[PDB]
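File shown: final06.cif. Contents: mmCIF, C-alpha atoms.
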data_final
#
loop_
_atom_site.group_PDB
_atom_site.id
_atom_site.type_symbol
_atom_site.label_atom_id
_atom_site.label_comp_id
_atom_site.auth_asym_id
_atom_site.auth_seq_id
_atom_site.Cartn_x
_atom_site.Cartn_y
_atom_site.Cartn_z
ATOM 1 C CA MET A 1 47.346 5.437 32.312
ATOM 2 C CA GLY A 2 44.279 3.791 33.815
ATOM 3 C CA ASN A 3 45.442 3.836 37.406
ATOM 4 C CA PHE A 4 41.735 3.867 38.290
ATOM 5 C CA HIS A 5 42.088 0.113 38.776
ATOM 6 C CA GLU A 6 44.559 0.757 41.590
ATOM 7 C CA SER A 7 42.357 3.491 43.065
ATOM 8 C CA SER A 8 39.050 1.690 42.467
ATOM 9 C CA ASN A 9 37.258 -1.212 44.140
ATOM 10 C CA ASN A 10 34.923 -3.923 42.861
ATOM 11 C CA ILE A 11 36.393 -4.041 39.353
ATOM 12 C CA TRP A 12 34.578 -6.467 37.053
ATOM 13 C CA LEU A 13 32.369 -6.825 33.976
ATOM 14 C CA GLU A 14 28.666 -7.562 33.504
ATOM 15 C CA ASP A 15 27.449 -9.415 30.412
ATOM 16 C CA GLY A 16 30.740 -8.414 28.804
ATOM 17 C CA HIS A 17 29.867 -4.773 28.152
ATOM 18 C CA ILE A 18 29.062 -3.057 31.461
ATOM 19 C CA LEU A 19 31.862 -2.001 33.810
ATOM 20 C CA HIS A 20 31.517 -1.293 37.531
ATOM 21 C CA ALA A 21 34.053 0.165 39.957
ATOM 22 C CA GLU A 22 34.211 2.347 43.068
ATOM 23 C CA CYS A 23 36.619 5.211 42.392
ATOM 24 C CA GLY A 24 37.327 7.825 45.042
ATOM 25 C CA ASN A 25 37.637 11.583 44.575
ATOM 26 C CA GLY A 26 40.407 12.511 46.994
ATOM 27 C CA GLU A 27 38.574 13.509 50.166
ATOM 28 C CA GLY A 28 38.763 9.920 51.377
ATOM 29 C CA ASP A 29 35.425 8.498 50.237
ATOM 30 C CA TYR A 30 34.578 6.174 47.348
ATOM 31 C CA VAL A 31 32.164 6.741 44.462
ATOM 32 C CA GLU A 32 30.387 3.929 42.623
ATOM 33 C CA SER A 33 30.746 4.447 38.874
ATOM 34 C CA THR A 34 30.244 2.415 35.700
ATOM 35 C CA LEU A 35 31.311 2.551 32.051
ATOM 36 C CA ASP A 36 29.874 1.043 28.871
ATOM 37 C CA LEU A 37 32.346 -0.665 26.552
ATOM 38 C CA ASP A 38 29.722 -1.550 23.963
ATOM 39 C CA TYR A 39 30.016 2.126 23.036
ATOM 40 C CA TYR A 40 33.636 2.809 24.039
ATOM 41 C CA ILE A 41 35.435 -0.249 22.645
ATOM 42 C CA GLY A 42 35.179 -1.853 19.217
ATOM 43 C CA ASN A 43 36.491 -4.820 17.246
ATOM 44 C CA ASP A 44 39.463 -3.983 15.026
ATOM 45 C CA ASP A 45 40.591 -7.010 13.018
ATOM 46 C CA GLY A 46 39.570 -9.405 15.771
ATOM 47 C CA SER A 47 41.317 -7.171 18.301
ATOM 48 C CA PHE A 48 40.255 -4.677 20.971
ATOM 49 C CA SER A 49 40.234 -0.976 20.088
ATOM 50 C CA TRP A 50 40.096 1.921 22.550
ATOM 51 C CA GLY A 51 37.360 4.347 21.550
ATOM 52 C CA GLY A 52 35.312 1.926 19.479
ATOM 53 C CA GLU A 53 31.919 0.318 20.037
ATOM 54 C CA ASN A 54 29.830 -2.800 19.421
ATOM 55 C CA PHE A 55 32.914 -4.910 20.140
ATOM 56 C CA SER A 56 30.708 -7.659 21.573
ATOM 57 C CA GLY A 57 28.604 -7.538 18.414
ATOM 58 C CA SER A 58 31.222 -9.823 16.883
ATOM 59 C CA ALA A 59 32.649 -11.418 20.029
ATOM 60 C CA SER A 60 31.856 -14.410 22.238
ATOM 61 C CA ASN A 61 32.130 -15.248 25.952
ATOM 62 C CA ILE A 62 33.406 -11.790 26.901
ATOM 63 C CA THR A 63 34.662 -11.678 30.491
ATOM 64 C CA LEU A 64 37.146 -9.725 32.609
ATOM 65 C CA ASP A 65 39.978 -11.465 34.465
ATOM 66 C CA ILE A 66 42.829 -10.277 36.682
ATOM 67 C CA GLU A 67 46.393 -10.530 35.373
ATOM 68 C CA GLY A 68 49.675 -9.569 37.008
ATOM 69 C CA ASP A 69 50.899 -9.042 40.563
ATOM 70 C CA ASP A 70 49.392 -5.542 40.542
ATOM 71 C CA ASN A 71 45.904 -6.894 39.802
ATOM 72 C CA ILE A 72 45.095 -5.421 36.403
ATOM 73 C CA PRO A 73 41.530 -5.935 35.044
ATOM 74 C CA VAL A 74 42.112 -7.541 31.646
ATOM 75 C CA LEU A 75 39.174 -8.164 29.309
ATOM 76 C CA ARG A 76 39.556 -11.322 27.222
ATOM 77 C CA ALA A 77 37.128 -12.490 24.538
ATOM 78 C CA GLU A 78 37.124 -14.167 21.123
ATOM 79 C CA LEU A 79 36.713 -11.426 18.516
ATOM 80 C CA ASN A 80 35.679 -11.921 14.890
ATOM 81 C CA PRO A 81 38.126 -10.267 12.428
ATOM 82 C CA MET A 82 37.255 -9.033 8.941
ATOM 83 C CA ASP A 83 39.713 -11.499 7.400
ATOM 84 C CA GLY A 84 38.088 -14.561 8.935
ATOM 85 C CA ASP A 85 38.273 -16.974 11.859
ATOM 86 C CA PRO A 86 37.779 -15.377 15.325
ATOM 87 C CA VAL A 87 40.884 -14.742 17.427
ATOM 88 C CA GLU A 88 41.296 -14.491 21.199
ATOM 89 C CA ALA A 89 41.499 -10.791 22.045
ATOM 90 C CA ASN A 90 42.701 -9.352 25.353
ATOM 91 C CA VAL A 91 42.615 -5.714 26.454
ATOM 92 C CA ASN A 92 43.547 -4.199 29.810
ATOM 93 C CA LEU A 93 40.867 -1.694 30.846
ATOM 94 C CA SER A 94 43.528 -0.010 32.981
ATOM 95 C CA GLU A 95 45.255 0.774 29.677
ATOM 96 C CA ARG A 96 43.014 3.770 28.980
ATOM 97 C CA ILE A 97 40.513 3.834 31.843
ATOM 98 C CA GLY A 98 40.679 6.505 34.523
ATOM 99 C CA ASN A 99 38.573 7.890 37.360
ATOM 100 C CA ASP A 100 37.732 11.600 37.418
ATOM 101 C CA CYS A 101 36.367 12.803 40.761
ATOM 102 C CA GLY A 102 35.363 9.207 41.415
ATOM 103 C CA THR A 103 33.544 8.966 38.087
ATOM 104 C CA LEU A 104 34.611 6.454 35.438
ATOM 105 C CA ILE A 105 36.388 8.065 32.486
ATOM 106 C CA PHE A 106 38.364 7.043 29.403
ATOM 107 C CA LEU A 107 41.859 8.200 28.436
ATOM 108 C CA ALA A 108 41.315 10.422 25.397
#

Write the structure described by the file as structure tokens, please.
Amino acid sequence: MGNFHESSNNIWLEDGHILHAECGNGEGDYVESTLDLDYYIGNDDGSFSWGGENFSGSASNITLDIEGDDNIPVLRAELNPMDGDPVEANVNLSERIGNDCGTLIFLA
């Protein structure tokens, strides 16, 4: 899973596409890393898809909010499906987002 959220600091989103977080390596220090969703996440039928891209290309007001008692970075934004009428999509970055040696990585 994307425990990186639990082992990372300053978790948020910029312009709804750029991710920033300080993930450690193990020695005891933190490492500032970032990940691009515009090339990692896409829009699948008005929903979020892990491993896609250009998700924002058909989305609006894309922002990341915390949800749960464990503080899980959830990205919510209105996506435009192929059928019609945009639907509110919500994806938890922690779902498939990890931190390798402090660097931001994706669960593949």

(request) To one decimal in Å, tell me the separation between atom CA of residue A:71 and atom CA of residue A:24. (result)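 Straight-line distance from atom CA of residue A:71 to atom CA of residue A:24 works out to 17.8 Å.
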
(message) So that I can see what lies close to residue A:30, please list as a list in words the residues with an atom at most 9 Å from it, counting only C-alpha atoms and leaving out residues fewer than 5 positions away in the same chain.
(response)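 Neighbouring residues, sequence-local ones excluded: residues 8, 9, 22, 23, 24, 25 and 102 of chain A.
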
(request) Using the chain letters and numbering of this document, enumerate as a PyMOL selection string the residues selected by the PyMOL selection byres ((chain A and resi 64) around 9). (result) chain A and resi 11-14+16+62-63+65-66+73-77+92

(request) Give the answer as one residue: which of A:103, A:47, A:61, A:94 has the shortest atom-to-atom distance to residue A:5, using only C-alpha atoms? (result)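 The answer is A:94, which sits nearest to residue A:5.
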
(message) I need the residue nearest residue A:67 from this list: A:93, A:3, A:29, A:45. Use all atoms listed in the file for the distance.
(response)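 The shortest atom-to-atom distance to residue A:67 comes from A:93.
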
(request) Calculate how many Å separate atom CA of residue A:81 from atom CA of residue A:49, rounding to one decimal. (result)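 Between these atoms lies a distance of 12.2 Å.
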
Residues near stretch 50-56 of chain A, cut-off 7 Å, all atoms listed in the file, skip fewer than 5 positions along chain, as a PDB file with C-alpha atoms, in the frame of the given file:
ATOM      1  CA  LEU A  37      32.346  -0.665  26.552  1.00  0.00           C
ATOM      2  CA  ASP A  38      29.722  -1.550  23.963  1.00  0.00           C
ATOM      3  CA  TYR A  39      30.016   2.126  23.036  1.00  0.00           C
ATOM      4  CA  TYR A  40      33.636   2.809  24.039  1.00  0.00           C
ATOM      5  CA  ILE A  41      35.435  -0.249  22.645  1.00  0.00           C
ATOM      6  CA  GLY A  42      35.179  -1.853  19.217  1.00  0.00           C
ATOM      7  CA  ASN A  43      36.491  -4.820  17.246  1.00  0.00           C
TER       8      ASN A  43
END

(message) Using only C-alpha atoms, can you tell me which of A:44, A:32, A:19, A:6 comes closest to residue A:80?
(response) A:44

(message) Here is a test: counting only C-alpha atoms, which residue of A:34, A:99, A:7, A:60 is nearest to residue A:86?
(response)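 Comparing A:34, A:99, A:7, A:60 against residue A:86, the winner is A:60.
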
Missing atoms in stretch 43-66 of chain A: can you complete it with N, CA, C and O atoms, as a PDB file, in the coordinates of the input?
ATOM      1  N   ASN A  43      35.702  -3.700  17.745  1.00  0.00           N
ATOM      2  CA  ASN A  43      36.491  -4.820  17.246  1.00  0.00           C
ATOM      3  C   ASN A  43      37.277  -4.421  16.002  1.00  0.00           C
ATOM      4  O   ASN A  43      36.700  -4.186  14.939  1.00  0.00           O
ATOM      5  N   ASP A  44      38.597  -4.350  16.140  1.00  0.00           N
ATOM      6  CA  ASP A  44      39.463  -3.983  15.026  1.00  0.00           C
ATOM      7  C   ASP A  44      40.313  -5.171  14.586  1.00  0.00           C
ATOM      8  O   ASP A  44      41.348  -5.462  15.185  1.00  0.00           O
ATOM      9  N   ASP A  45      39.869  -5.854  13.535  1.00  0.00           N
ATOM     10  CA  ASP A  45      40.591  -7.010  13.018  1.00  0.00           C
ATOM     11  C   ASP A  45      40.698  -8.101  14.078  1.00  0.00           C
ATOM     12  O   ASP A  45      41.767  -8.671  14.294  1.00  0.00           O
ATOM     13  N   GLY A  46      39.581  -8.386  14.739  1.00  0.00           N
ATOM     14  CA  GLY A  46      39.570  -9.405  15.771  1.00  0.00           C
ATOM     15  C   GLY A  46      40.339  -8.990  17.011  1.00  0.00           C
ATOM     16  O   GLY A  46      40.706  -9.831  17.830  1.00  0.00           O
ATOM     17  N   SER A  47      40.585  -7.690  17.151  1.00  0.00           N
ATOM     18  CA  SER A  47      41.317  -7.171  18.301  1.00  0.00           C
ATOM     19  C   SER A  47      40.538  -6.046  18.978  1.00  0.00           C
ATOM     20  O   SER A  47      39.616  -5.476  18.394  1.00  0.00           O
ATOM     21  N   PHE A  48      40.917  -5.733  20.213  1.00  0.00           N
ATOM     22  CA  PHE A  48      40.255  -4.677  20.971  1.00  0.00           C
ATOM     23  C   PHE A  48      40.773  -3.304  20.556  1.00  0.00           C
ATOM     24  O   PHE A  48      41.967  -3.127  20.313  1.00  0.00           O
ATOM     25  N   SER A  49      39.867  -2.334  20.475  1.00  0.00           N
ATOM     26  CA  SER A  49      40.234  -0.976  20.088  1.00  0.00           C
ATOM     27  C   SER A  49      39.654   0.046  21.061  1.00  0.00           C
ATOM     28  O   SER A  49      38.449   0.066  21.310  1.00  0.00           O
ATOM     29  N   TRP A  50      40.521   0.894  21.606  1.00  0.00           N
ATOM     30  CA  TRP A  50      40.096   1.921  22.550  1.00  0.00           C
ATOM     31  C   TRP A  50      39.387   3.062  21.827  1.00  0.00           C
ATOM     32  O   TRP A  50      39.972   3.724  20.968  1.00  0.00           O
ATOM     33  N   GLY A  51      38.126   3.286  22.178  1.00  0.00           N
ATOM     34  CA  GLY A  51      37.360   4.347  21.550  1.00  0.00           C
ATOM     35  C   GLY A  51      36.395   3.831  20.498  1.00  0.00           C
ATOM     36  O   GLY A  51      35.819   4.613  19.742  1.00  0.00           O
ATOM     37  N   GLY A  52      36.216   2.513  20.448  1.00  0.00           N
ATOM     38  CA  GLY A  52      35.312   1.926  19.479  1.00  0.00           C
ATOM     39  C   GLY A  52      33.932   1.683  20.055  1.00  0.00           C
ATOM     40  O   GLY A  52      33.482   2.418  20.935  1.00  0.00           O
ATOM     41  N   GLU A  53      33.256   0.651  19.561  1.00  0.00           N
ATOM     42  CA  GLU A  53      31.919   0.318  20.037  1.00  0.00           C
ATOM     43  C   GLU A  53      31.380  -0.922  19.333  1.00  0.00           C
ATOM     44  O   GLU A  53      31.812  -1.262  18.232  1.00  0.00           O
ATOM     45  N   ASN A  54      30.433  -1.595  19.979  1.00  0.00           N
ATOM     46  CA  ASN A  54      29.830  -2.800  19.421  1.00  0.00           C
ATOM     47  C   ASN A  54      30.859  -3.918  19.293  1.00  0.00           C
ATOM     48  O   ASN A  54      30.741  -4.787  18.429  1.00  0.00           O
ATOM     49  N   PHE A  55      31.868  -3.893  20.159  1.00  0.00           N
ATOM     50  CA  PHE A  55      32.914  -4.910  20.140  1.00  0.00           C
ATOM     51  C   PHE A  55      32.323  -6.300  20.357  1.00  0.00           C
ATOM     52  O   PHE A  55      32.732  -7.268  19.716  1.00  0.00           O
ATOM     53  N   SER A  56      31.358  -6.390  21.268  1.00  0.00           N
ATOM     54  CA  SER A  56      30.708  -7.659  21.573  1.00  0.00           C
ATOM     55  C   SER A  56      29.853  -8.134  20.401  1.00  0.00           C
ATOM     56  O   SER A  56      29.586  -9.327  20.259  1.00  0.00           O
ATOM     57  N   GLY A  57      29.425  -7.193  19.563  1.00  0.00           N
ATOM     58  CA  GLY A  57      28.604  -7.538  18.414  1.00  0.00           C
ATOM     59  C   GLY A  57      29.205  -8.652  17.580  1.00  0.00           C
ATOM     60  O   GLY A  57      28.486  -9.380  16.893  1.00  0.00           O
ATOM     61  N   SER A  58      30.526  -8.788  17.638  1.00  0.00           N
ATOM     62  CA  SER A  58      31.222  -9.823  16.883  1.00  0.00           C
ATOM     63  C   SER A  58      32.170 -10.608  17.784  1.00  0.00           C
ATOM     64  O   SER A  58      33.190 -11.125  17.326  1.00  0.00           O
ATOM     65  N   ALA A  59      31.828 -10.695  19.066  1.00  0.00           N
ATOM     66  CA  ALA A  59      32.649 -11.418  20.029  1.00  0.00           C
ATOM     67  C   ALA A  59      31.832 -12.482  20.755  1.00  0.00           C
ATOM     68  O   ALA A  59      30.607 -12.518  20.647  1.00  0.00           O
ATOM     69  N   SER A  60      32.519 -13.346  21.495  1.00  0.00           N
ATOM     70  CA  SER A  60      31.856 -14.410  22.238  1.00  0.00           C
ATOM     71  C   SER A  60      32.483 -14.585  23.617  1.00  0.00           C
ATOM     72  O   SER A  60      33.672 -14.327  23.805  1.00  0.00           O
ATOM     73  N   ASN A  61      31.672 -15.029  24.578  1.00  0.00           N
ATOM     74  CA  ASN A  61      32.130 -15.248  25.952  1.00  0.00           C
ATOM     75  C   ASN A  61      33.093 -14.153  26.408  1.00  0.00           C
ATOM     76  O   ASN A  61      34.262 -14.417  26.691  1.00  0.00           O
ATOM     77  N   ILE A  62      32.592 -12.924  26.478  1.00  0.00           N
ATOM     78  CA  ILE A  62      33.406 -11.790  26.901  1.00  0.00           C
ATOM     79  C   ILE A  62      33.386 -11.641  28.418  1.00  0.00           C
ATOM     80  O   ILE A  62      32.337 -11.396  29.014  1.00  0.00           O
ATOM     81  N   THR A  63      34.551 -11.793  29.041  1.00  0.00           N
ATOM     82  CA  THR A  63      34.662 -11.678  30.491  1.00  0.00           C
ATOM     83  C   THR A  63      35.951 -10.964  30.887  1.00  0.00           C
ATOM     84  O   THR A  63      36.899 -10.895  30.106  1.00  0.00           O
ATOM     85  N   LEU A  64      35.976 -10.435  32.106  1.00  0.00           N
ATOM     86  CA  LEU A  64      37.146  -9.725  32.609  1.00  0.00           C
ATOM     87  C   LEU A  64      37.864 -10.545  33.677  1.00  0.00           C
ATOM     88  O   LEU A  64      37.244 -11.027  34.626  1.00  0.00           O
ATOM     89  N   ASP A  65      39.174 -10.702  33.515  1.00  0.00           N
ATOM     90  CA  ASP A  65      39.978 -11.465  34.465  1.00  0.00           C
ATOM     91  C   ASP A  65      41.187 -10.658  34.928  1.00  0.00           C
ATOM     92  O   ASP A  65      41.667  -9.777  34.215  1.00  0.00           O
ATOM     93  N   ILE A  66      41.677 -10.969  36.124  1.00  0.00           N
ATOM     94  CA  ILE A  66      42.829 -10.277  36.682  1.00  0.00           C
ATOM     95  C   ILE A  66      44.129 -10.906  36.183  1.00  0.00           C
ATOM     96  O   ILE A  66      44.244 -12.128  36.090  1.00  0.00           O
TER      97      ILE A  66
END
